[PDB]
């Protein structure tokens, strides 16, 4: 069971790495714990929508859940389900719930497709050891092109009922002296226009996104992974989860990999060895594999930085109740297109996505996913008893994030005479959701747990390629940064190590 290169996971870091490895002539095997999402379900579609969730919506849960912010309207469609290898996984830690994708393409399957480059001045602040010129002159443009990032037509956006929710918030923010910015996306906007005209099957305009899009969204399986398979040097094995990693007696790596069926039944456990090992299991997955390896003694030379520096990208969700004369619309595209930019690198910085709501009826609610600058970091500690990495993060650690998000929206509320909603996240009268995360960043920080290109400290031919490399914050939606950084890392690695 030997393969020259093995890539764990099939998310952004993994996809970029596998493509370049394949192009360099290196036979590569990608191991993905989730499924290859290409089989039509009971409704004839691959993915379930947000108004008709079923077992495909969740990674081994016994009941469906409403998208955060829409419980009041979507709980009615929740149903009990059989634990299944679904597409969206809500990982519950002590005081933090991290949402991640499971399947070929990782988070690209369930994300909002928002492709945004971080502010250069901020990138230079968070990663001082990295050459920012190479990043902005070469790697970011490369990522933009490969990801198939596109831009919404302004005339269509301005006239369509599907983005009224966005225009309402723009107007409200404008009164507080705040401006908005268009957010590039991997969802084909031309296709979206055709959806509204009833010319093609709807996806974004049919309340679909978080459990996958049956059309329009150019997830990784269609971009990087498709190209990787096209090299003829890359293979992908699904429902294969790597459990342990060790260094063979000669410098290479051996992995224990469990193969399961969609019901989670263990079919077999196999040994896979390789020369080059790339981890792309995400901020949670890669960090867990390494903290486990260190603490169980299979990779004893890993440093103390492994597991540290985790941050939720300052993720905070909040909502405002609009005046009766400012309805947000019953028809809201599932793909965000506008955001409020109030990020200047200071502590009050906030970059907020104007989030659509799937209710399907007028609620007058404006939803926002704020990205803030909070210095608090958590640490993944290995629990040998349960063989699980535990995230040491407490809810109060998000206080700075809530404070920044509140200060911004308070300005908008003041300028418009509106108030927050306090009932969207539960019965505790909370206006700010502070214990969830869509953008997990850190755990195997670049330059700390690894060198400046992701080479894991203490080992040769061992690499980390994903969100675990980011120092807990990027100030914008993270996948373009993860992709660009991965392009930079693998190119150097192939040149010097391979």
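Numbering follows the first chain given and starts at 1. For clarity, a rigid core is taken as the largest C-alpha set superposing within 1.5 Å between two forms.
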item	value
Greater Cα displacement in 5 other deposited structures of this protein once the core is superposed, comparing 223 to 231 with 251 to 259	251 to 259
Rigid core superposition result in 5 other deposited structures of this protein, more deviant of 242 to 250, 120 to 128 by Cα	242 to 250
Entry-level comparison of average CA B-factors, 418 to 426 and 212 to 220, reporting the higher stretch	418 to 426
161 to 169 versus 175 to 183 - greater average Cα B-factor per the deposited record	175 to 183
Residue selected from 337, 116, 371, 299 by maximal Cα B factor	337
Most elevated Cα B-factor in the entry, residues 294, 388, 202, 320	388
Third assignment of residue 289 from its chain's C-alpha B-factors	lowest
Residue 265 by Cα B-factor - lowest, middle or highest third of the modelled chain	highest
Residue 358 - Cα temperature factor, lowest/middle/highest third of chain	highest
Third assignment of residue 494 from its chain's C-alpha B-factors	highest
Third assignment of residue 66 from its chain's C-alpha B-factors	middle
